[PDB]
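Experimental coordinates for this protein are included below, preceded by the sequence.
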Amino acid sequence: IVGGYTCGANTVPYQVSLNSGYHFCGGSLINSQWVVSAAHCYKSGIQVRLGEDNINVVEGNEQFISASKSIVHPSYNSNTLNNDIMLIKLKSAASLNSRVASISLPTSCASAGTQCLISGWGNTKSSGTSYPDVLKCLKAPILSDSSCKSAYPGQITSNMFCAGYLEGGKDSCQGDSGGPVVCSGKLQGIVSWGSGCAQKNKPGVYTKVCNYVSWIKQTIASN
Ligand SMILES: [Ca+2]
């Protein structure tokens, strides 16, 4: 997250870190046994780390649980990043409490102008590299479909939305991928892509979660 703030320990209780020896992506806990993340975060050997603030210090609220199964969206395309969504089943159910909690799925899509909370352990510089140890947060609005398509000609599908600031300076970044965009207490987006980070006229692009709720629910019901 570029241009954000320190969330506060365990204030984003659905935020997970995907670990393969090191943090490599975010995710969101959607029930005791399932995480939503970005398909472009897929790899084998994932450990889901719940209850994290400092990803380099054991602080006392962590739950570390291995993935038992990963399911990339059937229609994911890694060239275009269309359908940039994946589900991860945990080997055991997480213990849910005030600091480790699921986030509601949307029943309705969000609109341009809604404020949302974007979080992660990704890069905090736009023309530099600095990776934080504690979770970072950004409040940002959803942008119009037309401004999104104007920023990224020929690249925005019906499964993507933009959020952020066209002036630059405030955005998600590398290492935030897979993490949440939460608007009015609902998971509306997944950190997906963008040209650089926090660049003028290059807002963040997010997977549009409300398009996937039927797939998510039926996948959970059968797995
Ligand atoms: Ca920790």
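Nice, I can see it. Numbering: from 1, shown residues only.

Show me which positions of stretch 136-144 end up buried.
By neighbour count with 16 or more other Cβ atoms under 10 Å, stretch 136-144 contains the buried residues 136-138, 140-143. To be clear about C-beta, it is placed using only N, CA and C from the backbone, and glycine gets the same treatment.

Might you report the residue contacts of the spatially most central residue of the chain?
The centre of the chain sits closest to residue 179, judged by Cα atoms, centre = their mean, with a distance of 1.6 Å. Counting by Cβ atoms under 8 Å, 6 or more residues apart in numbering, residue 179 makes contact with 15, 25-28, 37, 118-120, 122, 172, 190-191.

Now with 10 Å, please.
By Cβ atoms under 10 Å, 6 or more residues apart in numbering, residue 179 lies in contact with 1, 12, 14-18, 25-28, 36-38, 41, 118-122, 135, 172, 189-191, 206.

Return the distance of it relative to the ion.
As judged by Cβ to the ion, to the nearest Å, residue 179 and the ion stand 16 Å apart.

Name the nearest of the buried residues of stretch 136-144 relative to the ion.
residue 136 (14.7 Å; Cβ to the ion).

got the contact list for the closest residue to the closest one other than its chain neighbours?
Nearest non-adjacent residue to residue 136, counting by Cβ to Cβ, 6 or more residues apart in numbering: residue 1, 3.8 Å away. Contacts for residue 1 (Cβ under 10 Å, 6+ apart) come out as 7, 118-124, 132, 135-138, 140, 170-173, 175-176, 179, 191, 197-198.

do you know how far residue 213 is from residue 49?
25 Å (Cβ to Cβ, to the nearest Å).

before we move on, what about residue 69?
Taking Cβ to Cβ, one finds residue 69 at 18 Å from residue 49.

ok, the two, which is more surrounded?
residue 49 (18 against 11; other Cβ atoms under 10 Å).

isn't residue 45 right up against residue 22?
No. Shown here, residue 45 and residue 22 do not form a contact pair, counting by Cβ atoms under 10 Å, at 11.5 Å.

How about the residues of the chain by the ion?
With the criterion set to Cβ under 5 Å from the ion, the chain comes near the ion through 52, 54, 59.

Just the ones of those in helices?
With helices taken from DSSP state H, there is no overlap with the residues of the chain next to the ion.

What's the PyMOL syntax to select whichever of the residues you listed are buried?
With 16+ other Cβ under 10 Å as the criterion, this PyMOL line picks the buried residues out of the residues of the chain next to the ion:
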select buried, resi 52
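
Let me have the residues of the chain next to the ion in a markdown table, adding distance to residue 152 as columns.
Below are the residues of the chain next to the ion laid out as a markdown table (distance: Cβ to Cβ, whole Å):
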| residue | distance to residue 152 |
| --- | --- |
| 52 | 32 |
| 54 | 34 |
| 59 | 39 |
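
residues in contact with residue 84?
37-41, 72-73, 76-78, 157, 159-160, 177-178, 190-193, 205-208.
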